[PDB]
Amino acid sequence: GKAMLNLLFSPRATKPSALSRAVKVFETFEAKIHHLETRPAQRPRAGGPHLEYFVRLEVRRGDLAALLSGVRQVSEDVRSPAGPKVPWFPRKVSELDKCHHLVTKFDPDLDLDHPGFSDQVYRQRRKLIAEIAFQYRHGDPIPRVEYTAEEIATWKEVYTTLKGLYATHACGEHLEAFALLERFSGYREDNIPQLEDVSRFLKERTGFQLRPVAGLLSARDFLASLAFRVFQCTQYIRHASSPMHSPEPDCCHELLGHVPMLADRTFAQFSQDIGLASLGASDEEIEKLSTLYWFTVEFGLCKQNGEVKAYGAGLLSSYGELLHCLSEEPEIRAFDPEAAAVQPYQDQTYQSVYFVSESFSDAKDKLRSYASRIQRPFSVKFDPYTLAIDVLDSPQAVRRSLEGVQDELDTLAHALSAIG
Amino acid sequence: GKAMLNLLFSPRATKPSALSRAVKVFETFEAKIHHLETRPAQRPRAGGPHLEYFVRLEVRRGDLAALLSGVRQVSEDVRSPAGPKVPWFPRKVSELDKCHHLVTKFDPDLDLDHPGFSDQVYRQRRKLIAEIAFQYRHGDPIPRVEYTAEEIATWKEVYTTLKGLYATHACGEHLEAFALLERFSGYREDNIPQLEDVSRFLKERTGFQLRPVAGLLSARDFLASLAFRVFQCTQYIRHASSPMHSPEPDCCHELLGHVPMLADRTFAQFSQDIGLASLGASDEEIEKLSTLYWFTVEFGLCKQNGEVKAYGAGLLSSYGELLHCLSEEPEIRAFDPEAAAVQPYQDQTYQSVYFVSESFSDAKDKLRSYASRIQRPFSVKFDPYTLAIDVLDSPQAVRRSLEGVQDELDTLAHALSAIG
Amino acid sequence: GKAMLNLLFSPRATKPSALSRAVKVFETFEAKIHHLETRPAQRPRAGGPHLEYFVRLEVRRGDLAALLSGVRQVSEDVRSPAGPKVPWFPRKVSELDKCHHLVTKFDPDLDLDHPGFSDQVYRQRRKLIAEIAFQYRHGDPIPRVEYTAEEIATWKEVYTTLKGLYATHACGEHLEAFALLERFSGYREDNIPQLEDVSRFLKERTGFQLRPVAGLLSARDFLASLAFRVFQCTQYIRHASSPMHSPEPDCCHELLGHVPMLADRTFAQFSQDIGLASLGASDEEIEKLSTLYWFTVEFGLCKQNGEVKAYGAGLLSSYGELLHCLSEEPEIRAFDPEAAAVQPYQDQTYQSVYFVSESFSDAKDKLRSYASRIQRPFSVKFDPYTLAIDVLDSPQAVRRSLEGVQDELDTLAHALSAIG
Amino acid sequence: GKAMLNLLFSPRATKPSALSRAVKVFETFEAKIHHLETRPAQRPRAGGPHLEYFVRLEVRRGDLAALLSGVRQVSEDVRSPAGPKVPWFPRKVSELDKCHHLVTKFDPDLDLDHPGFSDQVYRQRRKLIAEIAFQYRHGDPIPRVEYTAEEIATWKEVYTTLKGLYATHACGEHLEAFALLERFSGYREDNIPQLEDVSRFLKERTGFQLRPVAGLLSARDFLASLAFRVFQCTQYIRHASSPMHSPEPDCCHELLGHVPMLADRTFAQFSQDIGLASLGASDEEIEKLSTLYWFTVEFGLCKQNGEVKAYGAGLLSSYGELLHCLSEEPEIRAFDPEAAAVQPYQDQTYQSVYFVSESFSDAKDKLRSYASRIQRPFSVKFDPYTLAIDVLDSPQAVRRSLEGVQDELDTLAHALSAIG
């Protein structure tokens, strides 16, 4: 009906505590009368400036502005409107599209991040791929993607090289996953698998599913998509002439690092949890989370059989950088969210500093901490049945969740009583 | 520092919505300025009187009184202080003493509710029992209690009387309970049981334990004591000349109905829950709960093998009334707190209407139901380790409780992994 | 390697307790040695015949048969091989095709149960629908289904009639569900809503989803399918000349009774739980559960505002039978697992006896009991993530389930700590 | 009835797989015929000796012995009887006495472990204290214990010294615990806190309670007692001339380390779980657990504010050894169950190696770990209501426990719904 504002009122003088006059200019333009509680304070925490009061005001713009001007006549502030309030995040699987296509699609992506590649044919490829993923509607499967003989041959080259180095120093869990794929996905030197097949495989495995895209445009919204246990992909490939170094994550990147790790139950869980943090997360909070993701997913360093092995997506997609990180001259601390919260990094050169990991569970634990540690006006949960999020803002929502929780509990109870 | 009041303000005219003048008299005597949000309302729920604004006022008594007078000059009310706020309840086992015997001790009880018995001997007995129960400090065991030959002979008489009709029509669970007692408690025709013995028997059995009580003075505090899984016990006996009908619950009453019922795990827990209702519960809510106890505990009918049986404590303590209730001429509905909420009853003659019970579980269930729909500014839980109450007023308390819950949970989980 | 048998040995004489000779014919043809424990018994349970010993025998068919013959020479039985042990049930959403088409497809169904209709066009419709549903592969969506103007007009007629009687006595929850459909699904008098759209709506609602079916061939496997929260649907319609009475469930049956109820969260859960019980249930147990389904799903009688309302699928798929059941002359007992375990019924005449329902939760409860009461060699659970069944046969499986359980639990914990 | 044996059979030759002859000598003396399954094996695990068959035998001693002799005539072993099988442990708070006094009491302890002390008065003190503690019956309160002025003065001396050095390097949580004592317990320089007072304070804090003991004779049974959250304590004093170094734990030891630590909730629970490990645990397993206790309870190092602080009982009971451990010249690893599983140690001089602790939670975790990987034929749990152990040997016990678990769960649920 009327025009409501949001709390942003920091005057300059300290006298605006009861404001001593301005509650009247609030009410004379139809303010409100709730339970009042704010008096002179800051006794143990001395050195106190003016007090942050939130005199909410919802009337026509003229009256609210005139009364805020009246306050600024005696105070030194006006209640500026439009509180962003953790700007936004979706709630349901389908909604992962419009808010995120409208922010990540119908943008003409130049050939490569390096300005200009003499790959007009690649330009055709990427444009057509985009105009496949662009109009993607959730729930509908993905149309088949052809591949010419050149990306075929390069997939083959990298298949060989990588498989050649796979037993070498890689995560044995990743490696048996890869074997499972090679026998199930359709991983072969000659032929490169589609995404629909492998993604359906993964759905049976973990329920995670791929999604197609051209640009990562919002790591924020990217991490959001992953919160839904849905991974995003770019069905196009590096330049053939760029087989080993990837100037940008491609199929060789994703299909090779990400998925043949993502197959794990609890590791995929952890991956999801990362996104679950990101819901509506602030710009700099988003940056922190994405930064974590950097040192923990694309660039993740496990420890198999007591000795250290590698499990990072990009690492497990890189050929020579793979060897680089494995070598000693790159530094490896251990994983910590805070230590990674502002841990610097570059993008192109062979990254050196790393956060070694020993247990996916431990990663989950530090995530739980930092996320809980991440301030939040709310909380969220993911329902598996609906595949959608569970808004957690009230004791009542918690009750709603734990109801079904206890349901499954007694289910296990009856099951156990039955067994034996 | 200052003098705070509680929200009791209902004017007569409807103009006091913003109070229209009285916020000024609030602030001129040092009111407070927090977030205000309340305006004229009752659009869909039309036909509305004045609005209930909560303008708290914590200044000196003169200032608050003068400003409330200023309001009542234009409004038609004053913010009445001293909110009772669910008057009181304890928190810890030992605390069951001071505030509850300040209200239930040092009251000189005459001989009986009937004015005057010519049983000066019974007067001596009652006085001495009291001056034992009087100075009882929690945790310390109960001193031994002697019993002259007459209450002995009567205990024997009643033992016999019941024992013949005991197996008849009673709750088989209570029956085998008394079996375990007669073989363990010391229940015998000749000798009367002490109370500490059977008390220990219950602590091993269920953790419930006795407490000496002279007067029931507060069913409220009585139900409270129960909430702690502690049942106040009478250390005194009906008149010998009053063997069958007791004008008041005695050792014969409780020793025979209550304890050989309290033997059950879940039924004891249920009893406890009834107490858990009583926490600070309002006077009339207290009356409702006590009423519930009436038709549910001393006077309750079970149903063994599909045929109804007796399980009410007083019933399981009465001899002739016992025959009355099991007979057809008294009415028997089924248990329902709401149906029992204002279900009438007398006390002296043979009670007719009963709320039959199918299973203790059902009782627990509708108890949870009413307790929930029992309005309460809070909630309470019982810590089994410390035997204390668990104040439930914030998500944080719930959190700290469910923490230990999960602890025991994974304890079970590890055990399970171990077993087999 | 060798040929193993299963325990089917019930001799006639009582001597085979230690077998007294036949352990030797077991071993001379390569018997085996676990912990030997079986002797003469049945002391308190006197009147005992021969004892059931399980001397497993895994050798070539000649040796096992010859030794069983040696036993039958002195005993009176042979260890009959190939114990089916509720021979089958699927585990994953995919397998819901192979064993399920192999059990329900490639069977040429005549026009209707009544031998012969003069509806060659209906025969064409049924054949084409089948040869759509026949080749259904899991995960792939359902191709569109056209509808000629006659089923259109009849859908319109029934839409009207039913809508004319919707407020009449129908489940108000179901009814508001239908409102959500009419505003969301595409429920309209003119047009027949497809299955894919409404089923997607349902997945958002409940996660349940449809599956095309022509022949119900196995109610057993039908209930199995629904255990996966997947309802088999018949994309065809009753005879136009048979608008009100349906000799067989059709779209007008299913879309009109089933889904406008199934949309409830907990009721859908309960429905699934039924199937979960049926998971590889035994033939007679299958009959029992299907019988239950009869009186509890298509024909279920709810109770809104304390007065009884209708909520059975077939009921709210029936037009005049719907009026029949609502009337008094058909009997309505209350829902009971056992009373419905063998409650008789016919199929054609307007059914009389009903099992009135007061709360879906109570139906859940009676299920939980009877299911648990249903003996099984094991138990099972449903994972929502993988959408697959969880086999429960060992403490270890219970453990691994409880692990994720506690995971979600601590998720709630951290959320709770965060909120507020 | 008959005489049963236990599985102890390891022949020498490899021929005893089906025993090839000895099943007959078993059955001719009334053997038993259960389901048998074991043949020649060790195909993937080649290089195998004879097979371990469990042919039990319960007939009179003559038959079992003669048939075992017949086996040893052809095999090379006899089924040795009397399997101790984690020899014993109590179950309830009461039984903690007899099976533990019969093993740890009525033993005349000499003056000191060092043979001969000219402390005849100390001998009197120890004798009288024993003849108080020895005949203690569980649940009964503790008679008062006097102390002459000398142990009083030395108590004061150490109170001063330690309190002086308490702020130095100690656990801040422990330190505020000490403050809580000094203000509530009766911990003061001049007068020494009794045991009953502080034990009550602990039942308030945690429910832990002390118990008088002269000799620790069975660390096994000692740790068992602690599993009940009950700590055995020695109500006598070190030699006055031995104030700083104690050749043995005394009140100056226990009152100073143990109780001012146990005040923590989760640390108390952790301590309890340690005892929980000890349930019937084997001799060398007992040694392992006690060894753990050594480096983790009397001698443990915490880490407050990131810098290491002390929290070991004996450490915070030692004065000069206290100064020793905190200093650098002794080694301090971190707490690791396995690294502490067989970590060597001495007793008398100033111990060097230490297993530093970051959080009590960490200890809880590694305890859960080792306990799990501690083999046990079963599991156990502790009921708070009954204060007694919960046997875990079958799913059904798990069931009945998790039942109450879910009970408390929905208790929290109803509370949650109520709150707000």
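Going by the order they are written in, the chains are A, B, C and D; count residues from 1 in each one.
Note that in this section a residue touches a chain if its C-beta (ideal position, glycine included) is under 8 Å from a C-beta of that chain, and two chains touch if they have at least 3 such contacts.
**Q** Pick from B-D, A-D or A-B: which pair repeats the contacts of B-C, with over half of them the same residue pairs?
**A** Residue-number overlap above half with B-C among B-D, A-D or A-B: A-D.
**Q** Please work out which of C-D and A-C is bridged by more C-beta pairs in contact, and write that pair.
**A** A-C
**Q** Just curious, how far off is chain D from chain A if you go by their C-alpha centres, in Å?
**A** The answer is 47 Å.
**Q** Taking each chain's centre as the mean position of its Cα atoms, how many Å separate chain A from chain C?
**A** One centre to the other, that is 40 Å.
**Q** Averaged over CA atoms, how far is the centre of chain C from the centre of chain D? Could you give it in whole Å?
**A** Taking the mean C-alpha position of each chain, the two centres sit 52 Å apart.
**Q** Among the residues of chain D, pick out those that touch two or more other chains and give their numbers.
**A** Within chain D, the residues that touch at least two other chains are 394-395, 398, 402, 405, 409-410, 412, 416-417, 419.
**Q** What topology does the chain contact graph adopt: line, ring, star, complete, or other?
**A** Contact map by chain: complete.
**Q** Chain pairs in touch?
**A** A-B, A-C, A-D, B-C, B-D, C-D
**Q** Can you list the residues on chain C that touch chain B in the complex?
**A** 394-396, 398-399, 402-403, 406, 409-410, 412-413, 416-417, 419-420
**Q** Looking at the complex, which residues from chain A come into contact with chain C?
**A** Against chain C, chain A makes touches at 92, 94, 139-141, 200, 203-207, 269, 368, 371-372, 376, 378-381, 384-388, 392-395, 398, 401-402, 405, 407-412, 414-419.
**Q** In their complex, what parts of chain A are in touch with chain B?
**A** Contacts found on chain A: 7, 17-19, 23-24, 26-27, 30-39, 53-56, 395, 398.
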